[PDB]
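Colleague: just coords:
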């Protein structure tokens, strides 16, 4: 018995647009872009809410109804052939922490690029142009793909401080 800590509360919340995907054969498969944000809708969501001492201790949606439907968004998704990115096998995240503080897009004008501070020749020699003109223009996972090629072909010499710091082979 006693007062019930659980009450029903109905809230009007946004209904986010579904994204309809449109292929872009000029964009890397790693990439997705919002071409049209659509228009959010609205929905009435009923929650069971627990409160003790004027403080919410829990909530659970129990019902929902569309009020205004959203207008769909349009997302462009990359389908450029040959831009498949291998799965990442995090020694690299440690290295990028050391090299660039985890900033994969770093480009300070020091002659090095991206999270693991490739020079341009090393980026190109190890296949990086498949993904981007420079390392900093490529995704983390693309940069790691090229870093793995670099390591297999040339070793850890590109990272003469950070690789050892990261506990490399």
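Modeller: In hand now; what should we look at? Numbering: from 1, shown residues only.
Colleague: and the longest strand seen in the chain, what does it pack against?
Modeller: Counting residues, the longest strand in the chain under DSSP state E turns out to be strand 55-68. With contacts taken as 3 or more Cβ pairs under 8 Å, 6 or more residues apart in numbering; DSSP states H and E, strand 55-68 sits against strand 6-15, strand 41-52. (Each C-beta comes from the backbone N, C-alpha and C, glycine too.)
Colleague: ok, now with 6 Å
Modeller: In terms of contacts (3 or more Cβ pairs under 6 Å, 6 or more residues apart in numbering; DSSP states H and E), strand 55-68 is packed against strand 41-52.
Colleague: could you say what helices and strands the strand it packs on packs with?
Modeller: strand 6-15, strand 55-68.
Colleague: which residues does that strand contact?
Modeller: Contacts to strand 41-52, defined as Cβ atoms under 6 Å, 6 or more residues apart in numbering, come from residues 5-7, 9-13, 15, 57-70.
Colleague: and for stretch 153-165?
Modeller: Stretch 153-165 has contacts (Cβ under 6 Å, 6+ apart) with 95, 98, 99, 122, 150, 168.
Colleague: got it, and stretch 17-37?
Modeller: Stretch 17-37 has contacts (Cβ under 6 Å, 6+ apart) with 38, 70, 72-80, 83-85, 139, 142.
Colleague: and stretch 117-124, by the same measure?
Modeller: So stretch 117-124 is contacted by 99, 112, 135, 158 (Cβ under 6 Å, 6+ apart).
Colleague: one more pass at 10 Å, please.
Modeller: Applying Cβ atoms under 10 Å, 6 or more residues apart in numbering, the external contacts of stretch 117-124 come out as 95-96, 98-100, 106, 108, 110-114, 116, 125-126, 128-129, 131-138, 143, 146-147, 150, 153-154, 157-159, 162.
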